[PDB]
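Undergrad: got a sequence here, can you build the structure:
(chains A, B, C, D, E, F and G)
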Amino acid sequence: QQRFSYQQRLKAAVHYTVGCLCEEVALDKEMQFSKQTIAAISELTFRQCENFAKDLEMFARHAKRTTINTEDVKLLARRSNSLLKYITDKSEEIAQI
Amino acid sequence: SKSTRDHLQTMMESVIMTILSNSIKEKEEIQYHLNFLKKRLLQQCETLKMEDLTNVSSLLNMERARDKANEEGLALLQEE
Amino acid sequence: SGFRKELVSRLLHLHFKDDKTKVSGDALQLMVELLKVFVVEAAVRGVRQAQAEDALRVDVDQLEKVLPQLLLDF
Amino acid sequence: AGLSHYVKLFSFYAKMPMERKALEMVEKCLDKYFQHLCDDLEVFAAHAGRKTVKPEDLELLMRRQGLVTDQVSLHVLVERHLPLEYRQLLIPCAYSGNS
Amino acid sequence: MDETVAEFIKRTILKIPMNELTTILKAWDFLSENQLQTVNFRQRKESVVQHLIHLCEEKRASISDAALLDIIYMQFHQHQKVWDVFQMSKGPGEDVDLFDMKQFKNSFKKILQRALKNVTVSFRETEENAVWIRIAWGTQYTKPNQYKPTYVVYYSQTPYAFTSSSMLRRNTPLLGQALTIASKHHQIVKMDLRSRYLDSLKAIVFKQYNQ
Amino acid sequence: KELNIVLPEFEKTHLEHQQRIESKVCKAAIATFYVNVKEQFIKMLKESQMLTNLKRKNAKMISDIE
Amino acid sequence: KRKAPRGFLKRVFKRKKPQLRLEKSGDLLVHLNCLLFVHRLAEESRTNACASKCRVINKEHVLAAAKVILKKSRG
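TA: Numbers count the residues shown, from 1 in each chain, chains lettered A, B, ... in the order given. Structure data below:
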């Protein structure tokens, strides 16, 4: 009752924005994201953000802290060297803001 | 054909997904509509594959295309 | 464009098991960065396996094929 | 050495015959595993602020493999694999002097 | 290096015993003398069946000689898959003055793919003047079935063409049909010799056993 | 056969729900859901057409053999 | 085989990284790390050998096993 009323609105929000991103990438590589494709990619993003939420709290707990710092999301970028080098300059951009 | 109708509930839940994306200002209204959709589930599932049906239907479609090719081949060769 | 502040301000806070644990705005925008690039890399990996099959459309089956690696390294 | 003992463990962990040139590839696989474990441990400890690495820095890396969960805690996995004297030193027993 | 081609090669390699790896593999000529030293034949079975299949992965193996490997396998294992014996018979007239190997390989494949359009017919003209045909059957609706082929040993100018009695499908009246059209004969007749020993059928039909 | 009755049963449900509708935007959402159900019924009709095409192939698997 | 090496594990830890202070029983815990690593590798090699339907583990199965196990076992 709270489960439905919550997850409905969260996946609706994320799917709205990833539909915007699908129109955003569809022009980069001149492809078309089918309705089942966008639905699957949004739900994959959601079930992986599940592990993101499981991740970041224990990442703070590891260093004996409650809040999420930029190092906690730095180890999030640690998962791959490619998004390591990506999120490094995006974090420098965030610090620019 | 049960898992077929849960995959039905999955895809018109993707339709739910898109309408909720465009209709985020109707949260209670679409929650009522969601209860009525579970009602649709309980209503037609009781009375009475799809992805596999679609893929094998297409596969058999080009198989029968190859088949009418074999038919024009065999019929014309038998005719000559 | 991308994930919005109002989007990740609620989506990430949905799953948190403690009510007093939050995400800061500077960190929230980095959640924006990584969740945007999450769709981006999921999409390019799907497009790449489609190119491996030389297809114009990406379906559910190849996504399920990459999940054992998609959730694995990404 | 340690990798040679580990492929000996592979013989009774795979429970099915192997080849020598394949276990020499498991040699480089174990070295390649450690080339990630030693610099994943360094960063997990560096975020923890400790130049040393302590056990709890390693249960987190366990969670990163995901083979430790809420159902299977860190103290559970030591039970199933390490021997008795090799497990006494990690998990605290109770003698009013818990290790 | 294809579908049902690399796998078919793998499935026909382990069939042969450990002794006759070199003897069979020298015949189909995919492995030139340089490639034979790369694979060590004496260690194990699954090692050789994996490195040998790799040597045709780099050679880009095709079904045309993948069936040929099965042909040389059968030439050293002709004492299985009990052979039928067909007997051709021309009418009154002169002999077949033009039994070209090229023309016979063409006139058999043409008639066999005229109706059985999806087959991999692979001839290997043996040194005893006996064209060793192998036909992987399968209707137009299906791919050619290389799991159970029907080897046909048509002795080149002889009326007699031994046939591996594998399934005796609706193709056995077309197997004789294309055999009697490619070779310029008129009638196909299974003489009702059905023996598993091909080198023994050859002596019996040609009366070469006591001569 | 049964698909004709199923389409009518699905269509009656849209009207039954629209009898209990509350707002105009909810009516539009219901119309979109009805279009989605029509697409699902079209998928079911495509499955029936696939059964018919498989029957044709079975006839085509015998005509070619004949 | 019921064994666990103290010395070689610490030597490997020192060789790969000259700056660390693996604690009194942290060697034990990295040995458990590799225990579970090799367990995962063995079971998923059984899995992908069943995928190839090969009765004996080979190079191609474990090569695909590396890119999965050492990637998820990575932090």
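Undergrad: grab the most central residue of chain C for me.
TA: The centroid of chain C falls nearest to residue C:38 when counting by C-alpha atoms, centre = their mean (3.0 Å).
Undergrad: what sits closest to that residue if chain neighbours are left out?
TA: Excluding the flanking residues, the one nearest residue C:38 by C-beta to C-beta, 6 or more residues apart in numbering or on different chains is residue A:45, at 5.5 Å. (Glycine included, C-beta is placed from N, CA and C.)
Undergrad: check which helix or strand that neighbour maps to.
TA: helix A:35-62 (DSSP states H and E).
Undergrad: hang on, the earlier thing: show me what contacts the residue nearest to residue C:38?
TA: Contact analysis of residue A:45 by C-beta atoms under 8 Å, 6 or more residues apart in numbering or on different chains lists A:14, A:18, C:35, C:38-39, C:42.
Undergrad: please see if the longest helix belonging to chain G touches chain C.
TA: In chain G, with assignment by DSSP state H, the single longest helix is helix G:26-52. No - using C-beta under 8 Å from any C-beta of the partner chain, helix G:26-52 stays clear of chain C, coming no nearer than 9.8 Å.
Undergrad: got the buried residues for that helix?
TA: Across helix G:26-52, burial judged by 16 or more other C-beta atoms under 10 Å in any protein chain shown covers G:26-42, G:44-46, G:48-49.
Undergrad: now find how far off-centre the following helix or strand past it is within its chain.
TA: Of the helices and strands lying after helix G:26-52 in sequence (DSSP H and E), the nearest is helix G:59-72. The chain centroid and the centroid of helix G:59-72 are separated by 11 Å under C-alpha atoms, centre = their mean, to the nearest Å.
Undergrad: list the helices and strands helix G:59-72 packs on?
TA: helix C:60-73, helix D:20-47, helix G:26-52 (3 or more C-beta pairs under 8 Å, 6 or more residues apart in numbering or on different chains; DSSP states H and E).
Undergrad: now do that helix: everything it contacts.
TA: Residues from elsewhere that reach helix G:59-72, judged by C-beta under 8 Å, 6+ apart: C:68-69, C:72-73, D:21-22, D:25-26, D:29, D:32-33, D:36, D:65-66, E:50, G:37, G:40-41, G:44-45, G:48-49, G:52, G:54.
Undergrad: kindly report the same for stretch E:14-29.
TA: By C-beta under 8 Å, 6+ apart, stretch E:14-29 touches E:31, E:36, E:41, E:45-46, E:48-49, E:52, E:65, E:68-69, E:72-73, E:76-77.
Undergrad: same thing with stretch D:43-55?
TA: Stretch D:43-55 has contacts (C-beta under 8 Å, 6+ apart) with A:59, A:62-63, A:71-72, A:74-75, A:78, D:41-42, D:57-58, D:60-61, D:90, G:19-23, G:25-26, G:29, G:75.
Undergrad: of the residues you listed, buried ones?
TA: Using 16+ other C-beta under 10 Å as the burial test, the contacts of stretch D:43-55 include A:59, A:62-63, A:72, A:74-75, A:78, D:41-42, D:57-58, D:60-61, D:90, G:20, G:22-23, G:26, G:29, G:75 as buried.
Undergrad: flag every buried residue along stretch B:62-76.
TA: Per 16+ other C-beta under 10 Å, stretch B:62-76 contains these buried residues: B:63-64, B:67, B:70, B:73-74.
Undergrad: buried ones in stretch A:35-44?
TA: Buried residues in stretch A:35-44 (16+ other C-beta under 10 Å): A:36-44.
Undergrad: what about that stretch and chain C, any contact?
TA: Yes - residues of stretch A:35-44 contacting chain C under C-beta under 8 Å from any C-beta: A:36-37, A:40-41, A:44.
Undergrad: going by distance to residue F:47, which of those residues wins?
TA: residue A:36 (16.9 Å; C-beta to C-beta).
Undergrad: identify the residue spatially nearest to the residue of chain C positioned farthest from its centre, adjacent ones excluded.
TA: For chain C, the largest distance from the centre (C-alpha atoms, centre = their mean) belongs to residue C:20, which lies 25.2 Å off. Of all residues not flanking residue C:20 in the chain, residue A:66 sits nearest, at 7.0 Å (C-beta to C-beta, 6+ apart).
Undergrad: which residues are in contact with the residue of chain A found nearest chain C?
TA: Proximity of chain A to chain C (C-beta to the nearest C-beta) peaks at residue A:53, 3.6 Å away. By C-beta under 8 Å, 6+ apart, the residues touching residue A:53 are C:12, C:14-16.
Undergrad: quick one: it and chain D, what's the gap?
TA: 13 Å (C-beta to the nearest C-beta, to the nearest Å).
Undergrad: can you give me the helices in chain E?
TA: According to DSSP H, the helices that chain E contains are E:6-13, E:22-27, E:33-38, E:45-57, E:63-75, E:101-115, E:172-182, E:198-206.
Undergrad: is it possible to get CSV of the ones you listed that adds mean neighbour count?
TA: Output for the helices of chain E, formatted as CSV (neighbours: other C-beta atoms under 10 Å in any protein chain shown):
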stretch, mean neighbour count
helix E:6-13, 18
helix E:22-27, 16
helix E:33-38, 11
helix E:45-57, 18
helix E:63-75, 21
helix E:101-115, 16
helix E:172-182, 20
helix E:198-206, 17
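Undergrad: pull the residues that contact stretch E:204-211.
TA: So stretch E:204-211 is in contact with E:85, E:87, E:155, E:158, E:160, E:191, E:193, E:195, E:202-203, going by C-beta under 8 Å, 6+ apart.
Undergrad: those in strands, which ones?
TA: Within those, residues falling in strands by DSSP state E are E:85, E:87, E:155, E:160.
Undergrad: quick one: which of those has the most company?
TA: residue E:85 (22 neighbours; other C-beta atoms under 10 Å in any protein chain shown).
Undergrad: pretty sure it contacts residue E:197?
TA: No - counting by C-beta atoms under 8 Å, residue E:85 does not reach residue E:197; the two are 11.7 Å apart.
Undergrad: for chain B, what is the nearest residue in chain C?
TA: As assessed by C-beta to the nearest C-beta, chain B sits closest to residue C:60 within chain C, at 6.9 Å.
Undergrad: ok, that residue touching residue A:38?
TA: No - with contact defined as C-beta under 8 Å, residue C:60 does not count as touching residue A:38 (11.4 Å).
Undergrad: what number of residues lie near the closest residue to residue E:60 other than its chain neighbours?
TA: Using C-beta to C-beta, 6+ apart and skipping residues adjacent in sequence, the residue nearest residue E:60 is residue E:1, 4.9 Å away. Around residue E:1 there are 14 other residues, counting by other C-beta under 10 Å.
Undergrad: against residue E:56, how distant is residue E:1?
TA: 7 Å (C-beta to C-beta, to the nearest Å).
Undergrad: again with residue A:65
TA: For residue A:65, the distance to residue E:56 - C-beta to C-beta - is 59 Å.
Undergrad: sec struct for the residue nearest to residue C:20, please.
TA: Recorded secondary structure, residue A:66: coil (DSSP: H, G, I helix; E, B strand; the rest coil).
Undergrad: so what's the residue count around it?
TA: Neighbours around residue A:66, by other C-beta under 10 Å: 11.
Undergrad: so who does it touch?
TA: A:60, C:18, C:20-21.
Undergrad: okay, among these, which ones form the most distant pair?
TA: So, the contacts of residue A:66 by C-beta to C-beta: farthest apart are A:60 and C:20, at 11.8 Å.
Undergrad: what does chain G have sitting close to chain A?
TA: Residues of chain G found near chain A (C-beta under 8 Å from any C-beta) are G:74-75.
Undergrad: find the nearest non-adjacent residue to whichever residue of chain G sits closest to chain E, please.
TA: Using C-beta to the nearest C-beta, the closest approach of chain G to chain E is made by residue G:56 at 5.2 Å. Leaving aside its sequence neighbours, residue G:56 sits nearest to residue E:46 (C-beta to C-beta, 6+ apart; 5.2 Å).
Undergrad: all good on my end, thank you.
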